[PDB]
Every structure is written in C-alpha cells, then in structure tokens.
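Colleague: Before anything else, here's the structure in question.
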Amino acid sequence: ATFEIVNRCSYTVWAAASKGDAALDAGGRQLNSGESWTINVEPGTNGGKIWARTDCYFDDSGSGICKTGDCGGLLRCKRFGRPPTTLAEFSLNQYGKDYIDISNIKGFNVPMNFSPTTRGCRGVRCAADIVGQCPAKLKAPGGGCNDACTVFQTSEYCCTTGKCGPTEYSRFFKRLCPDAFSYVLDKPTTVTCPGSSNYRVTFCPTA
C-alpha cells in the first residue's frame, strides 16, 4: 500500500508508477540524486509497475519527453513506459497474497533493488552494469539496453504464440541478473509476500 522510491543514482531520474490504464498515486515525479518519493498504491492493484526514466524534459503543463521509459510524453504516467526499462513488477492482494518481481523483458536502463520493508519475505535485485555490457545489437542510442523483442520483433523473442525458449539475448540478461525475468517464459523469479506489505524500490542500489 505504501512504496518508497529511492534514487541512489548519481544522476537524476524521473520515477514512474502505473498499471497500464491508469497512474498509481501521482504516476511520476522528478527524482534527483538521493531524493525519495513516497507513494500509496491501492490494495488489489493488478499488474502494477514501477520504473525509472532517464534524460527527461518537461514543461509547465507536464508534457515532454525522455530517452528511456517515456510514457506518452507525460510527467505523470498513465500508460507504461517505452523500452528500454528495468521493471519493478507487482500484483497486490491476489488471493490473500502479494507478488513482486523485477523484469528485463522490456530491456534495462537502470540498476534496481525491489524489497519489502515489512516482514515475511525477501527482495530481488538486478544491479549489474547491463548497459555497459550490452551487446552491440541491443544498445539503444538513447541509452539503455533493449530487449531482443523490441529490436527484432520476432515471434521467438516476443513469445507471441506463448511458445518460446531462451535465446542468446535472453541469456545475456539472465547471466548478469539471475533474479529477474529474462524473457516471458523464463523460470518464474517472482517472490511471494504477505498481503498488504510495504515496499522500497531503489535505483542504483549498489551505488
């Protein structure tokens, strides 16, 4: 119900929180190095995601653009962010439980730790330097490292028929970040927590 979004990176980022068809709390906010943003997420939200955006520019009305994770050019996101985007995923109060995970299925742009601040479970993280190690063909000019489905648009990478296996590209993300989904059908890396737990999403955790 309460998430703290901390930016431990030495660079500014524009946090974002959405569930695809609506914002979570204010949906987005500028987050300078060291600043923390506290938001409230309604119990039961399904398919919620938190992520960071880099190199953004917003006018007074709140309209603009970012190089990674841009959401329809809005400061306060309603829709999901545009790849590459390391994703903090969660579905709350699902059958008495809470479910969280980190995903690289949509690429990686910023290192991240996702941990409960209440008891009953553990957190997950993906802090390796994926952007610096990013394969030549996946590097995104705007910054970040694209997932292979975003770059090649193939049934295999996008797991279109719900029938797909790991790939050299998915193995890259998996190699650097074991505890994060590297592709749609990756062995679940989801964590189960008590219903209504509180959480903290830290960007650049080992920074």
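Numbers here mean position along the shown chain, with the first residue as 1.
Heads up, the Cβ atoms here are built off N, Cα and C, so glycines get one too.
According to Swiss-Prot, the protein carries these features:
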DISULFID  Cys9-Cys204  disulfide bond
DISULFID  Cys56-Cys66  disulfide bond
DISULFID  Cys71-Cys77  disulfide bond
DISULFID  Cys121-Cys193  disulfide bond
DISULFID  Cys126-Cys177  disulfide bond
DISULFID  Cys134-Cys145  disulfide bond
DISULFID  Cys149-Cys158  disulfide bond
DISULFID  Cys159-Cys164  disulfide bond
Colleague: Given the disulfide-bonded residues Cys9, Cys66, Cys77, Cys126, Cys158, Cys204, which lie close to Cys164 (disulfide bond), meaning Cα to Cα within 10 A?
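Modeller: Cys158, listed in sequence order.
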Colleague: Give me the CA-CA distance between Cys9 (disulfide bond) and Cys193 (disulfide bond), in Å, as a whole number.
Modeller: 27
Colleague: Test of understanding: give the count of other CB atoms lying within 10 angstroms of the CB of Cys164 (disulfide bond).
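Modeller: Around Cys164 (disulfide bond), other Cβ atoms within 10 Å: 19.
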Colleague: Using only C-alpha positions, which one of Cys56, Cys121, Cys158, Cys204 is spatially nearest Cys71 (disulfide bond)? These are the disulfide-bonded residues in the record.
Modeller: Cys56
Colleague: Below 8 Å Cβ to Cβ and six or more residues apart, same chain only. Which residues does that give for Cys177 (disulfide bond)?
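Modeller: Correct list: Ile102, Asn104, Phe108, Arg125, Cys126, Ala127, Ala128, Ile130.
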Colleague: Reduced to three states, what secondary structure does DSSP give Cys177 (disulfide bond)?
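Modeller: Going by the DSSP assignment, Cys177 (disulfide bond) belongs to neither helix nor strand, so it counts as coil.
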Colleague: Between C-alpha atoms, which of these disulfide-bonded residues comes nearest to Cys149 (disulfide bond): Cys66, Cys121, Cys159?
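Modeller: Result: the closest of the disulfide-bonded residues to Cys149 (disulfide bond) is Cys159.
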Colleague: Which is it, of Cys9, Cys56, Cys126, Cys193: the one of these disulfide-bonded residues whose Cβ has the most other Cβ atoms within 10 Å?
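Modeller: Result of the Cβ crowding comparison: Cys126.
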Colleague: Could you check which of the disulfide-bonded residues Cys56, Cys121, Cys134, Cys145, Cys158 is the closest Cα neighbour of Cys77 (disulfide bond)?
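Modeller: Out of the listed candidates, the nearest Cα belongs to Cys56.
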